[PDB]
Amino acid sequence: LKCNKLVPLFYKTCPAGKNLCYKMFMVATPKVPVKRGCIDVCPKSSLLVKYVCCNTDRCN
């Protein structure tokens, strides 16, 4: 399993680390992404920070 990351590079792998790849956006006002990595769940979501999880591979 591999996805993209904010780290200065391109995409990383998360086979043993996790099994999914989600992103963390912020709706403070200007709207902007800030936390994208791999997770095993997606129990987060409000009105001042969104998140996009995916497990199709190459979809992140």
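The rules behind these values
- Residues numbered from 1 in each chain as written, not as in the entry; some residues may be left out.
- Heavy atoms only, no water.
- Helix = DSSP H or I, 4+ residues; strand = E, 2+ residues; numbered from the N terminus.
- Rg over C-alpha atoms; globule rule 2.2 N^0.38 Å.
- Buried < 20%, exposed > 50% of the residue type's maximum accessible area, 1.4 Å probe, protein only.
- Contact = heavy atoms within 4.5 Å.
- Areas by Shrake-Rupley, 256 points an atom, 1.4 Å probe, with all protein chains shown as cover.
- Disulfide = S-S within 2.5 Å.
- UniProt positions renumbered as here; feature names shortened; annotations may be inferred.

## Quick look at the overall build of the chain
Turning to step 1, where the next piece is worked out: Across its full length, the chain holds 0 helices and 5 strands.
Turning to step 2, where the next piece is worked out: Each helix and strand of the chain, placed in order from N terminus to C terminus, yields the pattern β-β-β-β-β.
Turning to step 3, where the next piece is worked out: Expected size for 60 residues packed as a compact globule is a radius of gyration near 10 Å; at 12 Å, the chain falls within 12% of this value.
Turning to step 4, where the next piece is worked out: Dimensions along the principal axes, computed over C-alpha positions, put the chain at roughly 35 × 25 × 15 Å.
Turning to step 5, where the next piece is worked out: Residues classed as buried in the chain amount to 25% of the 60 residues present.
Turning to step 6, where the next piece is worked out: Considering only intrachain contacts with a sequence separation of at least 6, the fraction spanning at least 24 residues in the chain is 37%.
Turning to step 7, where the next piece is worked out: Just so you have it, the chain exposes about 4300 Å², and 63% of that area is on carbon and sulfur atoms.

## Here's the deal with the UniProt feature "disulfide bond" in the chain
Turning to step 1, where the next piece is worked out: With 2.0 Å between their sulfur atoms, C3 and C21 do form the disulfide that UniProt assigns to them. In this pair, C3 is assigned in strand 1 (residues 2-4) and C21 in strand 3 (residues 20-26), connecting sequence segments 18 residues apart. Taken individually, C3 and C21 each receive the classification buried, so the pair is uniform in this respect.
Turning to step 2, where the next piece is worked out: Between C54 and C59, where UniProt records a disulfide, the sulfur-sulfur distance comes to 2.0 Å, consistent with the annotated bond.
Turning to step 3, where the next piece is worked out: Judged by its relative accessible area of 18%, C54 is buried.
Turning to step 4, where the next piece is worked out: Overall, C59 belongs to the partly exposed group, its relative accessible area being 33%.

## As for the side chain of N60
Turning to step 1, where the next piece is worked out: Summarising the element assignment, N60 is placed in the segment after strand 5 (51-54).
Turning to step 2, where the next piece is worked out: When neighbours within four sequence positions are excluded, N60 is seen to be in contact with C3, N4, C21, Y22 and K23.

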